[PDB]
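First structure 1, then structure 2: two forms of the same chain, each alone, as structure tokens.
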Structure 1
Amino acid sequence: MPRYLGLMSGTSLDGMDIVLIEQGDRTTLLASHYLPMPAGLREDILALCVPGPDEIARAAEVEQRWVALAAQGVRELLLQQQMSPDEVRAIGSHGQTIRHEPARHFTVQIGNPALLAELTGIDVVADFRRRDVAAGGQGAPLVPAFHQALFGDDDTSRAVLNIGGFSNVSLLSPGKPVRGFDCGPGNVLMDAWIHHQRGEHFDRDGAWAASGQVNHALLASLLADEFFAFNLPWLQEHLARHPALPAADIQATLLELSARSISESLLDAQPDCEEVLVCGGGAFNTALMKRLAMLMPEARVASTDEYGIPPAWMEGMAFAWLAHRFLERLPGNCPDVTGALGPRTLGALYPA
């Protein structure tokens, strides 16, 4: 049964996930490999995520470094697994988003797929998002179709919660269409605050947020944002029209904002939820997971580890799956979730 590579680099810019999957009747993880994002490239990618000068030249250079890194990591992984390139049918690559504007009908994932094919000797499928957007959709999330396949329990009301930058959920309710929406911010404000404040990337184990006192006025104002009816300056805006607060108290609050936006949105739509299956790097924020567990007391909260699949690799595995879907010519979007006009074949094929 065919073998696929998945290449994920999310907008938290933490590193590159590479997965080896096998796609029979079952998806299965054969191996995984993590490339921590180097300091220079992270900041360079970051500086492409806002409008600025000379972007086309600059994106071309960044792209080349990103791809050389991806290709380095693919090779590393194959060698370590004792596999030839030709044992892999294709790479499913997400690329790297530097712009996502579904209101202006565009989304931009750099990733020179053609160089990746050149450097790996493997067929690449990339540029998954643009066809959904071309079809009247948001081009995101793409994971809900994959969640359904991978968890097809026509018994329990499972809910699959990805906490990266942003929290997004896939509600699997026996004998119905899957649903999907964005809860709100995941790690993105928590990273942003402890980055602004100290220079750190994230708040390991939710330790800094746990050492602080929740502010309720700030929290109430945050939760009252229109979205529910998300960058540092947005949060510096809210910090204006309140008392000055200790740094930890803002982190604590930010962590509560994440946990409550999740909680309300998920029992508001699937109130009889047996299992919340957490995946993504927010699964490792023990402190946030504690709070999710309390605000969902009569539901079992845990990572996808409990049901067989490590949470850090979920998204990596999904893009491997989308390569498979592309080549089998089977829809990769869920239009109900994306707003697309219907089922679309997602991606393009760059043959080795």
Structure 2
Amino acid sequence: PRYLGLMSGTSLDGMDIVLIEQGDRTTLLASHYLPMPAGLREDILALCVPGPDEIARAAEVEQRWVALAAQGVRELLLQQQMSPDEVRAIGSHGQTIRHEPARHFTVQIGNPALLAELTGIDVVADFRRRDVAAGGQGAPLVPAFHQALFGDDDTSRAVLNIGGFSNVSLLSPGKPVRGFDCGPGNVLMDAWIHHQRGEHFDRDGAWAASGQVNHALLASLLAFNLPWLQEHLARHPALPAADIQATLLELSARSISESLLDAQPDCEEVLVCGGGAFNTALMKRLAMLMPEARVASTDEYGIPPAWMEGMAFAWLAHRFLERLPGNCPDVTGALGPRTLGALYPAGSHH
């Protein structure tokens, strides 16, 4: 069947909307990105730390969030010439405003009943809560999807997501999935080029590629934001800005490769998703630093790297409806496998 997925991460830049076909395999049919208004971003951020009148405030904020998500769905369906009746369900992550598994709770807003009302499509949402109820951390949820896509009996694979930070799913045959953070991804390269050039990121890693790595600075870094970095830059002589960028690229490449090889030395394939997959200069370094592995974008395996996360939530909607587990308890720490999410039906037919 066909499923929509909606993901809005913690950076609050915007919402990913995806349409998948799910059968034997998972395939991306269409995708759509919608920016988040400054006002909505600011209002969500203010809910991410304790404050006054949170119940009412969250209620007003989630209504705007859902309206935006619904518009995003509408536009994708218009582009695809698809009726909402052709979509089995939307898997919506919602928007995390508090995550405290040590206190046994996780809070994602995004009024799924309202989302069902506005879209006319069944909504599956609230995926993390059952994992936390079963004693897990409620995160990360993507490794179960990584396993469904890429796990097999025969190959040691690492599925590497390079966003602001880097995280990996280790798919070792005959074993359960493992997952951990590898280190920084794009976070410092973004911050540096912003501080220096006003750009939000370094396109294709071209700026970095134009500079030369400074090995002294690199050693200091290996031994994450700007105040931290500035404290480092003061300890070294003035460097050209591009050399700093080149050095920051190498930091991520080395931190990732070192963490990956330490945990899975026999790794045969590293499959890279997230926006970092588009940083050509970074992909180049990762491949040089892991010469015994094939390092490639997930695009080469039929999953476009920018849309992996959104696709996971579409997939989680499918898992719910099929009553199959959606978590990976070895990674989340839950007592065992659980069906994740809650169903808010459109019910258009009355």
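Superpose the two forms; the largest set of C-alphas matching within 1.5 Å is the rigid core. By convention here, residues take numbers in order along the sequence of structure 1, the first being 1.
Considering 108, 114, 210, 83, one residue stands apart with a C-alpha shift of at least 2 Å between structure 1 and structure 2 following superposition on the core, and it is 210. Relative to the superposed rigid core, residue 144 undergoes a CA displacement smaller than 2 Å between structure 1 and structure 2. When the rigid core is held fixed, the Cα atom of residue 123 travels less than 2 angstroms between structure 1 and structure 2.
Superposition of the core reveals a Cα shift of less than 2 Å for residue 74 between structure 1 and structure 2. Per-residue C-alpha deviation between structure 1 and structure 2, core superposed: residue 241, 12.8 Å. Relative to the superposed rigid core, residue 156 shifts its CA by 3.8 Å between structure 1 and structure 2. The two forms, fitted on their core, place the C-alpha of residue 260 5.6 Å apart, compared between structure 1 and structure 2.
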